[PDB]
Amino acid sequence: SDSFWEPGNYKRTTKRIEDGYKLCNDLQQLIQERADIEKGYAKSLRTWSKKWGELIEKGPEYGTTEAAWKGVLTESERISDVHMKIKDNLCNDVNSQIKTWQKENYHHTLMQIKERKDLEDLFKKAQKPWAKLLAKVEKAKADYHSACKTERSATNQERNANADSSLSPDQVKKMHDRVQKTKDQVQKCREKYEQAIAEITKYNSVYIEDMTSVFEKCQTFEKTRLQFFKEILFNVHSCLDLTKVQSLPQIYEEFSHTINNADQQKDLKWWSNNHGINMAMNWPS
C-alpha cells in the first residue's frame, strides 16, 4: 500500500524537507512580485504628476486656482512614496529575512539538500533490519507457495503412472520418490515461513520505535518552518496595512488645505491687475 510503514515510503516525509526549500523560493517570489506592482503604481503616479505638472504650468490656468489643481499632483506624490516604502519594506524587511532563514537551514552538497539526504539516510538505517525480515518473509512466502504447487502436480503424475503399466520400475519409483520429497518440501517450507513471520512480528515494535524517532525529527523541523512562515505572513501584513501608514490622514488633510485656498477674488483681482481695468493708461496728450 501507500502506508508510511511500507519500505521506502518515508520518502513523502523527506520530500517535504525539500518542498520546504521550494516554498521559501515561492514566498520570496510572491512578495517580490507584489513589490513590483507597488513600484509600478508609484512609478505611474509620478510619471503622471510630472506630465500634468508641466501641462498645467504651461497652460492657461492661473492663481490660487492653478495652485489648487497642483494639489492633486502633490497628493499623488505623497501616495507614491507610501507605495515605494511598501516596496522597500517588502524587499528589505521581509524578503531578506526569508532569504536568510533559507540560507541557514538548507545546505547544498553533492547535488542534494543535505538536510534531506541525511534524513533519508537516517530512515534507511532505521528501516534496514526490518527490511531484511520483510525480505525473508517474502522468500519464505514464495518458496512455500512454489513447494505447494510442485507437490500438487507431483501427486498428479503419480496418478497416471500407477495407470501406465508399461513404465519401468525405476520410472514408477522416481515419481513415488518425488511426491514424498516434495511433501517434505511443503513442510520444511511451511515451517521457515511461520518462523519468518514470527521473527519479524517480534521486531515490529523496535521498528516502530525507530521510525517514530526519525519521523519526529522531521516533524520538529517542519514545525519550525510553519511557525516562521506564519510570522513572515504577519510581517507582510504589517507592510501592507494602510490603516497604519500614519501619514495618510495628513496627505488628505493637506490636500484639502490647498483646495480651500482656491480664492476666486484673489484670482480675479490679480487678473484685472495684469490684464484688465486696473492697469495704467496714459491718455493722449
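The numbering used is simple: start at 1 and walk along the sequence shown.
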If you average the Cα B factors in the entry, which is higher, 103-111 or 158-166? 158-166
Quick one: say whether 53-61 or 25-33 has the higher mean Cα B-factor in the deposited entry. 53-61
Selection by C-alpha B-factor (highest) of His145, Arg78, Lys87, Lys117: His145
Among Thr212, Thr74, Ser96, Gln185, single out the one with the highest C-alpha B factor in the record, please. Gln185
For the chain shown, is the CA B-factor of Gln246 in the lowest, middle or highest third of its modelled residues? highest
Would you mind checking where the Cα B-factor of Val179 ranks among the modelled residues of its chain, as the lowest, middle or highest third? highest
Check where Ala131 lands among this chain's C-alpha B-factors and tell me if it's the lowest, middle or highest third. highest
Among all modelled residues of this chain, ranked by Cα B factor, put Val82 in the bottom, middle or top third, i.e. lowest, middle or highest. lowest
